Structure formats: C-alpha cells, structure tokens
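> PDB entry and its sequence, pasted below:
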Amino acid sequence: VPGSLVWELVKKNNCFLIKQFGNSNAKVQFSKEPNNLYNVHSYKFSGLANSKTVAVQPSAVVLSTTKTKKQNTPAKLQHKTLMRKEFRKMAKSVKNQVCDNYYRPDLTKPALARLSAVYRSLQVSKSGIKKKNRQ
Amino acid sequence: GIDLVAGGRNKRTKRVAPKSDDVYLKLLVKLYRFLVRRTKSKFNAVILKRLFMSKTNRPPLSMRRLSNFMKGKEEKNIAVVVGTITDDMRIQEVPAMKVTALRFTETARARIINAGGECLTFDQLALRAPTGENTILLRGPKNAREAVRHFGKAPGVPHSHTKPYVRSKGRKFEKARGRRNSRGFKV
Amino acid sequence: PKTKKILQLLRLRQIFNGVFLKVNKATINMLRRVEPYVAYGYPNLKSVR
Amino acid sequence: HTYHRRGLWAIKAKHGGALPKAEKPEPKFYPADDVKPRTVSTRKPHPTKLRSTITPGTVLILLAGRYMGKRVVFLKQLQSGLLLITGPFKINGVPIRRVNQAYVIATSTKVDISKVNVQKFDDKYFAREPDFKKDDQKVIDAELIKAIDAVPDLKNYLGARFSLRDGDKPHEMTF
Amino acid sequence: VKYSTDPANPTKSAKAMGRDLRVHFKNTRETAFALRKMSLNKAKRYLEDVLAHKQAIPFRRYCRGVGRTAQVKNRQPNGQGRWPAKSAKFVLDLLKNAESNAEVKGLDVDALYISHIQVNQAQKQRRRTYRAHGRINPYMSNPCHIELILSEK
Amino acid sequence: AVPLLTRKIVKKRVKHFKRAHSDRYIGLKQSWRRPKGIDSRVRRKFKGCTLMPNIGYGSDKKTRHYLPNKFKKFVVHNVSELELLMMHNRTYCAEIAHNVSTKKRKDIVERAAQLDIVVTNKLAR
RNA sequence: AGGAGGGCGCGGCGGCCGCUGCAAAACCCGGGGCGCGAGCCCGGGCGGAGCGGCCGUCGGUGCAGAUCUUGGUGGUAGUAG
RNA sequence: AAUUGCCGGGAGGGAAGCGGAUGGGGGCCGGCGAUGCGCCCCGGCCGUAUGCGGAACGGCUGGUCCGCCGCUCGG
Ligand SMILES: [K+]
Ligand SMILES: [K+]
Ligand SMILES: [K+]
Ligand SMILES: [Mg+2]
Ligand SMILES: [Mg+2]
Ligand SMILES: [Mg+2]
Ligand SMILES: [Mg+2]
Ligand SMILES: [Mg+2]
Ligand SMILES: [Mg+2]
Ligand SMILES: [Mg+2]
Ligand SMILES: [Mg+2]
Ligand SMILES: [Mg+2]
Ligand SMILES: [Mg+2]
Ligand SMILES: [Mg+2]
Ligand SMILES: [Mg+2]
Ligand SMILES: [Mg+2]
Ligand SMILES: [Mg+2]
Ligand SMILES: [Mg+2]
Ligand SMILES: [Mg+2]
Ligand SMILES: [Mg+2]
Ligand SMILES: [Mg+2]
Ligand SMILES: [Mg+2]
C-alpha cells in the first residue's frame, strides 16, 4: 500500500489530526504524531502516509528515521540515534542522515528548523528564561 | 450598469470532478490531471473528462461490440473504454485483444485472457500509451436503456412511439379510446 | 428591444463606452435607429492616438 | 522632461565596461519560516530640491516652532536638505539652527554673506548627543552684524517678529 | 439575612425586617420614601402625626386620583398627599424593633437616623369577587417586605 | 515570539449586525435574522434603516482570523496539544480552554514559556 | 414567488481525542476578542456534579406572530367602586 | 425573563426607540508597548586517527551515533 493510497484514507479523519472551528474559513488543523516535523496535516509532512520520515524529538536530542524495508515490522521500523553534542555537530548529523543521503531531501529545512526549536527548548529547560523574545 | 445576462457569468454546468468517493478513482484522476497538463494530448483530455462521468453516462460494453469494433485492428492497438466490459454468450470466436477498462466482469476477464488478450487498468495504459498512441477509444450505447424509451414526445401525440408508464401489460391496460379507431380515436 | 440589440452589435453595452466604426450604408442605417442613445463624429489623429 | 535613458547607450557610464564573469560571494539557528534576509538598500533617493526663492543670505520668516515669526537670515542648505539659518543670536536671539524648507517663507530681501565662513556647520554638528557652540555662534554674528548694519533699518527689521494684523491677506502680500 | 444595602458602619448600626406584611405596598412605598434620611426621633414624631391626621404623606408616584390637602404643601407644592395609617403603624413597629436592637448594641437613641429603608412586593394573596352575568373576578391584596437600617452616622 | 504578520489588519466594519426591531421587543434577540416580510423596509434596503450583512463586507484573506496581537488563535486543553504550536510559534498563539483547571493551567503555562509559545490568557484562574 | 449549493446550531448511536471538587453543566456580566453572517472562543462571578471537540450516521432538530397552548407578569390603578 | 423596590449615574419644550458619523463622560486592557541582536576579559569541550558496540542509505562501495582510549587544538 503506497503512500498516496494511505494519504487518501487518513486525510479526512485521524487519531492524530486535530481540527478546530468547524469547516468554514475558520478551520484550523494540526497533527499530533511524532515524525511530523511541523505538526501539519499534509501529505508532505504526515507521519502516517509516508514511507520515509524523520523525527526530531528531545529525550540530548533523539533523531529517528524509518526503514523502508521494515514497514511490515513496526518493532524494527525506526532507526533511532541519540545525540548529546554541540548544536552544530547535531545539525551536521541531521543534514547527513536526511539531506546528503537523499533520504527525504525536501525535509532538510523542516528538520533543521525543528532541531533548532528543540535544542532551544532544552536550553531554557536547564536554565530558566531570563529574557523574553518580543523584538 | 452594463447590459449583460446574469452578469456575463456562465450558467451551463459540467463536472470538474467525480461525484463518487472511490480512492482508486481519485488516484486515477490525479494521474490523468497531470498527463493533460504536461503532455497536451487530445486523447488524455477525453479520458479525464469521462473519468468524471456518472454511471448512466458510462454504459457497459459487451464482447460482441468489442470483437466487431476491433475486428482487424487488434494488433498494435489497445481498446480503451471508460466503463465496464461485460461478457456475451451469443458469439463463439474471440480474437486476442488488448483491452483497458474501469471494470471487467469475471466472465469477460476469463474470455479475454483465455483468448490470449490482456485486461489492463488505466494506470497500466498510461505506462504503455502515455499520450494514447495506437488506441481505439470506445463507448457503449448511451440510449440503450428502458428509461430512454419513455423519453421524448408524449405517448399520446401523433408520430410518437414513446413508452407509456403502465403498471401492468395486457388487454385492460391502456389499449382503448386513444389507441384504436373503434374506441374514439387513435393518436 | 431593437435599440438594445443594435447597441450590442456596436458593443456599446454601457454608458460612456466608445468604439470605432467604419463608414458604409450598412453601419450608418444601424446608427440612425439608435441616434437618441449615442453621440458620434469624425475623429482626428490626436483623438485616435 | 528629459529622457535620461533616451538611448540604449549605457556605456557613457562604464566605457571600459567589458569585464569578466562575476564571482558570487553555519547559521547556528534556523528560523522555521523562510524569511528573506534584510540587506541594505542600494537606492539613491535623489536629494530634495531647494525652493528657487531661497538663496544664500536671503531673509526667512519662521512659520512655526518656538521661534514663529522670527525674521532670520538664511545661510546654507545642508546635505539632508534642511536649510541652515542663524538669527543672528544678538538681534533676535535665534541661534544657529537647521530648519525645514516648509515652515519658512522666503522674502525678497537679501544679505551678502560671501565673506562669512559656514563650513563646520553641518548635519553632524547637530547630532543628538555647549561652550564651544557659544564660541561658534559668537564668531558667526560679528561676521554678519556689520553686513546687517550696511543696509539701513535692516537691524531693527531682523529684530522684530512678523505677524498678521486686521485685514491682512497672506495670499495677497508680496513676500 | 442580607439586606439590599450594607450598613457601611456595621458596628454603629441596627437593622429591622418584616416579610409578607398585610399592608398595601403602594401606600407603604410612599411612606418609606417620605423618611429616607430622617433622624429617628423626627421620624417617630412624623409618623405619629400621620396617625393623628396632623401631617400628610406626599404621594408622588402611585398618585393618580389622590386628593389635595394643604397639609403636604411643603415639599409637595401640588396638594397630593394622604394619611396611610396602616402603612404608618407598620413602619412604626419596625422603627421600635430597630431601636431596641440599637439599645442592645449600646448605640445612643439620639443621633440615630434612617440610613436605609426599602419596601418590596411580597407574594400576592387571593380572594374572590362576583360580577354581573355570573362572572367571577380576582380580589387581590398586595403585601410587602420592609427593610430598615438605622445608623449613627 | 515576534509575530510574522506584517500586513495591516483592516476591518470593513467594527460593528455588529443587530437583528431589526430587537430594540423594540425584549424577546427578540440580537443575533442576525434576515428579514423576509413582503413589505419589509430592511429587506428592501431603504436608506436610514438597519443594514444587512453581505459578502462584500468580508475581510482580507491574508489577515482574517488574526487576533489584535497579530497572532492566530488555537485552543489547547493540555500540554500535548500545546506542543503542536512549537513549530508555528510565530503565527499561532495558544488559548487554554475555559474549563481547564488551575493545576493544569500551571503546567501549560510553564511548557509554553520553555517553547516560546504565547498564551493569551495565561494570567487567568 | 421559486430552485440549488456551501456553511452555523440542537439531541442521540458507532468510533476517536480530551476536561472536571486545584470546581462540570446551567445561569449572570457598561469584560476581551474572532467570523459578512448563522455562530464561536476566552475572562470574571454564581453553582456544586458532571461535560466537551473531531469523523460517520440517525432524528419528535432552530419561532415573533397562528383572536396559537399552558404558566407567569404589567399599565389601567390605589382607580371604577 | 417579563415586572418591582432601593442606591448610584445620565437625559428630557405635544412620544420614544432606530441607521450613519464624530465628540464629551465612563467602564475596560499591559501579547496595550521594546529593551534584544553582532564584535572583546572572566566561567567551561572537543576534531584527525584509533579499538569496540549496536543499529542505517543506495544497489558491492561509502554513512551516522554512543561510550574509553593515545596524538591534536580550534569551539
Ligand atoms: K382625586
Ligand atoms: K452528531
Ligand atoms: K434612578
Ligand atoms: Mg456593476
Ligand atoms: Mg440575475
Ligand atoms: Mg388524427
Ligand atoms: Mg373619581
Ligand atoms: Mg358584585
Ligand atoms: Mg347567578
Ligand atoms: Mg465584527
Ligand atoms: Mg471560565
Ligand atoms: Mg445587564
Ligand atoms: Mg453539545
Ligand atoms: Mg427523539
Ligand atoms: Mg417539532
Ligand atoms: Mg414563543
Ligand atoms: Mg415568522
Ligand atoms: Mg391574542
Ligand atoms: Mg395563558
Ligand atoms: Mg391587568
Ligand atoms: Mg373612589
Ligand atoms: Mg429582570
């Protein structure tokens, strides 16, 4: 079952999709799944309708990519790496496992953006926010 | 103020998508939307339009029609119908034909394959004939329906052979006073 | 209705719309029937340009 | 109404313009939104035009501010486009200042200021950031009081404020 | 019990209350309005004078069809006033209750004034009357709730 | 964070369409109802009468649904729903649902401070 | 007059995702907003035990009129008497 | 909710209410509005190569991570 077929089955309703404000122009949608970098309900970003996916979540930052020949076996579907180095070294590994490999090069900018937000979130976790970012 | 009808807007309606919700048909529509955008083929443009059509606008085609429309031109020619291929017991010889259709009956699929032919889907015809080269586009009989027999002029006007809507058939069901000269008139 | 049709063939469907008409007997008699609805004359180069 | 780009010449600027191929020039954070970077603008905004009735040494009436109505002598037009003015500070008490071209009226009375040095006065001199300013003001009036004394009654004219009175129509007055 | 107004000086004030008192609401509302900021001793003498027909009560609203007397001419130049005895006696009883409540608190009866007085409509009681042509019509009383707070200042 | 919206928000009408004659009758509510009487002044659009909503009043697509603080609102009920705005913290703000308790409001407000997500009603309850 | 499309709201059933004694539903408010609009979201209060959103499907599903039904309440009026 | 009392506020020459537009007064609000970002003296971590452990991508080469070493110096 290819990703295009899976997308049409899960597009309308989903255990991870959150919809709000009805079906007018007011509608706001998001996705809750991991391996969904921007948490957006779209084919490009969906963690359910794509064979190759990247997950950038904290724990230390865990990067996870899925194996294409292990779709039928969920227990071995995720190849996970845990990195505790400096940001640039982590940013280099994300570019290596996502861009240079040709494993979803279209996600290299969303993945680096999410790694920035996750690393920044961890930065303030150890030392509380001493300045607010309104400028 | 400018003198126009309905403001100049188009009042005719047409289908720009299939009314059905079949995901495999939605995937066919996406594929053929791409083909008519970037190949500019007249054949692909017709396929996309018929993929939107309703059930009564895509009549079934039988084997008898197919084996006669594809008579000598069954080598290097794929028959294309946007609809269903049904079987026909009234014929005995079935040549080897390449046929693509939305659906085959299990008797028609068996008849084609046993004769040496192939049954293709429209996603397979796109690989073989991306621009529809060396193909025969076919349609079933649009007006071979019992409903169409009641269409047209009213049954009670001269020169009309429209079917009436009668609950039963017999001598006591609409055969007197309007159907023969011995009772009034005969329209 | 006759005035409405003629002003459609001259493409004058709105007030203060303007067109160029070439002169012959066919067009002039069309113009005479819609005379109360229209102002026209002979343009010069400055007007055309 | 001159057409600068009237001819497809473009070479009177770069005559020896036959040159070689151009050589085109870690973020530490990624902004999650493709924001086009802000570089400095390479547009030249064509400095403002001086009113043709304002010439060096002409007299100006101030129309607004705390010195409204002060009759003041004009010196120079600064690079930003503000006019440079002095009172002079002795007669009417108006120091050296830069004024917008609006809020002044150019009269037809003129003063020669050729032998007066106004060079160190410029936009940087007025940068928002005084004893030496008193010296510069002091050394610019004595170079100008005499030329004011050269014309009869010009001293009492510069020391009086302009005002409109009953029946005065500003759109008919010559000034 | 919560009244509609707090004393704002609860130690220096006393209250009295009455629910479902069988006296016309419209008459008692005017009586309560006539003594709004009155001192306690002047209020008692005013209400006794009303009982004795020596001082009238001014009827300002609920006044249609009320006579003119000249006893009410001060503070009501048109003579519209009356002497509602039942409504005056009912208020007098409440004034004596609040007065004794103040004596228990030890506040002096002198320098006491009405800082709050309110008449609210109680649930109406039903009786009957008979009309021509065998018809029955309602015959209703309009009782009231009265609230009263005396304050020193 | 810093709002990404830069186009100015213009409103064609900061004023409600109150239902005609809802001032006259206590039982009539202000929610708009399209008049449909044959002689209706409001339906016939006589001048000086009540205005009727129509599609021409609609707001720019680029700025519609944006709050005055130049963010678009998303209602959350727990921490996990608030995590979904971390990649959209420049375009979306979080509002905690009305029935979420004070204990969980503390947790959402803490997590949103770490993630630099703006909460519109963080001082409530 | 009339037709049609797309949406808003009410109550169930099958599913999914949640909330709530650190205060649910309902109700109140010259509180703040979003939507052309039907409506929605939040704040403060009251209250003290339950409630919501999304997908599908179903219905005794939306009131200003009917000398409409039942109940409650005015002016008339402290009047006629 | 209709309707009523009180307290406080506002208006009123044979109705009032209503639409649009401002103003005067009030009641609200602070995501109502910023204080950070690049260069330098103080605090504090490691390439290159290695042994080892797991698990990847493409269709046999090459890849990342972690913990440990032993040279290294820029962060
Ligand atoms: K009387
Ligand atoms: K439902
Ligand atoms: K009042
Ligand atoms: Mg028009
Ligand atoms: Mg029309
Ligand atoms: Mg005949
Ligand atoms: Mg009488
Ligand atoms: Mg009787
Ligand atoms: Mg009797
Ligand atoms: Mg609005
Ligand atoms: Mg709340
Ligand atoms: Mg209210
Ligand atoms: Mg509900
Ligand atoms: Mg039911
Ligand atoms: Mg019903
Ligand atoms: Mg009703
Ligand atoms: Mg109706
Ligand atoms: Mg009635
Ligand atoms: Mg009734
Ligand atoms: Mg009555
Ligand atoms: Mg009487
Ligand atoms: Mg009420």
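Ah, there it is. Residues are numbered from 1 along each chain as shown, chains lettered A, B, ... in the order given. Ligands and ions are numbered 1, 2, ... in the order given.
> need the strands for chain B, in chain order.
Applying DSSP state E to chain B gives strands spanning B:78-81, B:84-85, B:98-100, B:103-104, B:118-120, B:135-138, B:179-180, B:183-186.
> same question for chain A.
According to DSSP E, the strands that chain A contains are A:17-20, A:28-31, A:54-58, A:61-66, A:78-83.
> can you give the distance of the first one from its chain's centre?
If I follow you right, that is strand A:17-20. In terms of Cα atoms, centre = their mean, to the nearest Å, the centre of strand A:17-20 is set 18 Å apart from its chain centre.
> next helix or strand past the helix ranked longest in chain D?
Ranked by residue count, the top helix of chain D under DSSP state H comes out as helix D:131-150. Tracing the chain C-terminally past helix D:131-150 and defining elements by DSSP states H and E, one meets helix D:154-158 next.
> so what secondary structure elements neighbour that following helix?
strand D:71-77, helix D:131-150 (3 or more Cβ pairs under 8 Å, 6 or more residues apart in numbering or on different chains; DSSP states H and E). For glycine as for every other residue, the C-beta is placed from the backbone atoms N, C-alpha and C.
> and among those, the most buried is which?
The highest mean neighbour count among these, using mean count of other Cβ atoms under 10 Å in any protein chain shown, belongs to strand D:71-77: a mean of 22.
> next secondary structure after that strand?
strand D:83-86.
> note down every partner strand of that following strand and its orientation.
Neighbouring strands of strand D:83-86 in its sheet, by DSSP bridges, are strand D:71-77 (antiparallel), strand D:97-99 (antiparallel).
> need these in CSV (columns: distance to residue E:108).
Listed next are those as CSV, based on distance: least, Cβ to Cβ, whole Å:
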stretch, distance to residue E:108
strand D:71-77, 79
strand D:97-99, 76
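> and those strands: which comes nearest RNA strand G?
strand D:97-99 (41.4 Å; Cβ to the nearest atom of the strand).
> quick check: residues of chain B near chain C?
B:1, B:2, B:3, B:4 (Cβ under 8 Å from any Cβ of the partner chain).
> could you save those residues as JSON lines and add columns showing neighbour count and distance to residue B:171?
Converted to JSON lines, those look like this (neighbours: other Cβ atoms under 10 Å in any protein chain shown; distance: Cβ to Cβ, whole Å):
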{"residue": "B:1", "neighbour count": "6", "distance to residue B:171": "65"}
{"residue": "B:2", "neighbour count": "9", "distance to residue B:171": "64"}
{"residue": "B:3", "neighbour count": "10", "distance to residue B:171": "61"}
{"residue": "B:4", "neighbour count": "11", "distance to residue B:171": "59"}
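> quick check, nearest of those to ligand 1?
residue B:1 (68.5 Å; Cβ to the ion).
> how about the helices in chain B?
Using DSSP H, helices in chain B cover B:23-38, B:42-50, B:63-69, B:106-114, B:122-128, B:146-149.
> out of these, which is the most enclosed?
Mean neighbour counts for the helices of chain B (mean count of other Cβ under 10 Å) peak at helix B:63-69, with a mean of 19.
> now do the helices in chain A.
A:3-10, A:87-95, A:108-126.
> farthest from the middle of chain C: give me that residue.
residue C:46 (19.5 Å; Cα atoms, centre = their mean).
> leaving out the residues flanking it, which one is nearest to the residue nearest the centre of chain A?
Nearest residue to the geometric centre of chain A (Cα atoms, centre = their mean): residue A:37, 2.6 Å. The spatially closest residue to residue A:37, leaving aside those adjacent along the chain, is residue A:110, at 4.1 Å (Cβ to Cβ, 6 or more residues apart in numbering or on different chains).
> quick check on the residue in chain A that RNA strand G sits nearest to: phi, psi?
In chain A, the residue found nearest to RNA strand G is residue A:22; the distance is 2.3 Å by Cβ to the nearest atom of the strand. Backbone torsions for residue A:22, taken as degrees, to the nearest 10, come to phi 80, psi -150.
> how close does residue E:9 get to chain D?
56 Å (Cβ to the nearest Cβ, to the nearest Å).
> tell me which residue in chain C sits closest to chain F.
Nearest to chain F in chain C, going by Cβ to the nearest Cβ, is residue C:14, at a distance of 20.9 Å.
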